[PDB]
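To start, the structure itself, in structure tokens.
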Amino acid sequence: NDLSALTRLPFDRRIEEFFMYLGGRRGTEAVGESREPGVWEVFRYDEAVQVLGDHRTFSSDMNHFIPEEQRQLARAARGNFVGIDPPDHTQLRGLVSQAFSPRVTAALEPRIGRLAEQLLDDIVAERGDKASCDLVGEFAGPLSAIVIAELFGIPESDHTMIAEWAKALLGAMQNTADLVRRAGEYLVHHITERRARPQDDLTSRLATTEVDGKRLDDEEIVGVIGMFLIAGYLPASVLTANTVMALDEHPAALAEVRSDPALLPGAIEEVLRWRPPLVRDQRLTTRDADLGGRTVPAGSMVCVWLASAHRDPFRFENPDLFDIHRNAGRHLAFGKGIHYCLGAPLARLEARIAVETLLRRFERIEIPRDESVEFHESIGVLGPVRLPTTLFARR
Ligand code: HEM
């Protein structure tokens, strides 16, 4: 398979041979073993769905088997429920979900609008009507970090800082430990501040919501805020750029969307299917598991290829065709079951406004096929971290 080699190929051929790899295996088998010793891969839709649905058999807690005595440092941090299983997940997500109601996401739409325009005006001032820039570095990445910052009611002054903090951490080392620890210190101050004097933001809501007599404490809230930033930053920025790139690579689709921007959310859903930011989702078998005509032994790492599931012709017609008019609703880009992305509404809103603004303001968006386009190094990500473009402002 040589998956590590693919992460080093030019992005265009990385995409190619990545989907060729998945295609070949998916063609023959729903499930299979990998070169890695005790790891299985999932290639087909139904089995991907089955895996995500059956959280009992396929755990999200990678330290499931670690003895309860040696579990203290293997335990997930207070507030982080992405790496835990019911019933611990249900209670924590229950609280966060109640607080993070759809109207919290909806209310951000005007700000996201204004922020996207401001980032574009900063790029335009430096290089004029024909302005070259890094779309991820100067637009999508700041927009994703600051949007999440806005959600939690982080002061306007600290936004450029938060954007830089996110770029540093996300793109072990003593610094990595520091960034995490200092973020901790910062967020505690933010929380106690918003607990004392509340404002219309998610931090204050997290601090004041009850669910059947239960609340979140300051240290859990820190984990939640931190979890949102870590889970949400890269993928959202990648969705915004993958949309720009996918439309660029399809002039007809692009023309349709430019002429009727109502088509854009549908286009984004297609992007999520056809070039998902997060390309795999991992689980750990708690027991011997019958899947795809095969038995997966207890203790096995399972790697669910979401990207392959989306190309499964059993589930999607003409799977390898990018079609902004397709019903992409069944895609798994935001996961499925109990761990389904809490940021999915916000990401769709973030992405829609960011590309809506770029198309309205720039009549030409030129993107190279060089190695100047730098895709994120992880096999589990598919999209750029450095995307140089040339923006020609509409006359
Ligand atoms: C387009 C961008 C995004 C993608 C592709 C994405 C994808 C995902 C996926 C696949 C999961 C499921 C992980 C699993 O099953 O174990 C997930 C969980 C999550 N995402 Fe996102 N996400 C995105 C943006 C965001 C944003 C903007 C936020 C909020 C700041 C966010 C917060 C979360 C949280 C909190 C979870 C965990 C929910 C849980 O564990 O129950 N995500 N995301």
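Every number here is computed from the coordinates shown, using simple stated rules; none is lab data. In this analysis, Cβ positions are derived from the backbone assuming ideal geometry, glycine residues included, and neighbour counts consider all displayed protein chains.
What list of ³J(HN,Hα) values in whole Hz, one per residue of region 228-233 in order, does the Karplus curve 6.51 cos²θ - 1.76 cosθ + 1.60 (θ = phi - 60°) give from phi, with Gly and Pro shown as x?
4, 4, 5, 6, x, 5
State to the nearest 20 debye the size of the charge dipole of region 238-287 about its Cα centre, where the only charges are +1 on K and R beta carbons and -1 on D and E beta carbons.
Its charge dipole is roughly 440 debye.
Which percent, nearest 5, of DSSP beta bridges in the chain are antiparallel?
Beta bridges within the chain, antiparallel portion: roughly 85 percent.
So how strong a dipole does the chain carry about its Cα centre when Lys and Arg Cβ are +1 and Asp and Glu Cβ are -1, to the nearest 20 debye?
That gives the chain a dipole magnitude of about 380 debye.
How far is the Cα center of region 221-267 from the Cα center of region 331-395, in Å?
Each part reduced to its Cα centre gives a spacing of 4 Å.
With Rg and the Kirkwood Rh both taken from Cα atoms, where does Rg over Rh land for region 1-88?
1.07
Of the peptides 254-262, 109-117, how do they stack up when ordered by the mean number of other Cβ atoms within 10 Å, highest first?
In descending order of packing, they fall as 109-117, 254-262.
Per residue of region 390-395, in order, report the coupling 6.51 cos²θ - 1.76 cosθ + 1.60 (Karplus, θ = phi - 60°) as ³J(HN,Hα) in whole Hz, putting x for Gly and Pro.
10, 9, 9, 5, 5, 6
Among residues other than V188 whose Cβ falls under 13 Å from its Cβ, what is the net charge (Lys/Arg +1, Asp/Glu -1)?
Net charge in that neighbourhood comes out at -1.
How high is the FRET efficiency from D218 to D54, r the C-beta distance, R0 45 Å, rounded to 0.05?
0.85
Which percent of Cα-Cα pairs in the chain sits in each 20 Å bin, short to long?
26, 58, 16, 0
With only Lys, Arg, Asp and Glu charged, each at its Cβ (+1 for the first two, -1 for the last two), find how big the charge dipole of region 253-316 is about the Cα centre; round to the nearest 20 debye.
220 debye
Fewest first, what order do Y233, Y340 take by the number of other Cβ atoms within 10 Å?
Ranked by crowding around the Cβ, least crowded first: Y340, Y233.
Go ahead and run the numbers for FRET between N318 and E164, Cβ-Cβ distance against an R0 of 35 Å, rounding to 0.05.
It comes to 0.25.
Filter the GluC sites (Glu not before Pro) in region 307-385 down to the DSSP loop ones having no more than 12 other Cβ atoms within 10 Å, then list what survives.
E317, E371, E377
With n ≥ 4 as the cut-off for DSSP H runs, can you work out [θ] at 222 nm for the chain, using -39500 (n - 2.57) per run divided by the number of residues, rounded to the nearest 500?
So the helix-based figure for the chain works out to -15500 deg cm²/dmol.
Quick check for you: which residues of region 358-391 have the amide N under 19 Å from the point 7 Å beyond the Cα of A255 toward its beta carbon?
Counting backbone N atoms under 19 Å from the label point, the list is 359-360, 362-367.
Using the Cα centre of the chain as origin and beta-carbon charges of +1 (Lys, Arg) and -1 (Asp, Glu), tell me which of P67, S34, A116 is placed farthest towards the positive end of the dipole.
Going by the charge dipole, the pick is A116.
For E156 and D129, what does the FRET efficiency come to when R0 = 35 Å and r is the distance between their Cβ atoms, rounded to the nearest 0.05?
Efficiency, from the Cβ-Cβ distance: 0.75.
What is the fewest-to-most order of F322, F139 by other Cβ atoms lying within 10 Å of their Cβ?
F322, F139
Which residues' amide hydrogens lie under 5 Å from the amide hydrogen of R280, considering only partners 5 or more residues apart or on another chain, with H built in the peptide plane?
Amide H neighbours of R280, under 5 Å, 5+ apart: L306.
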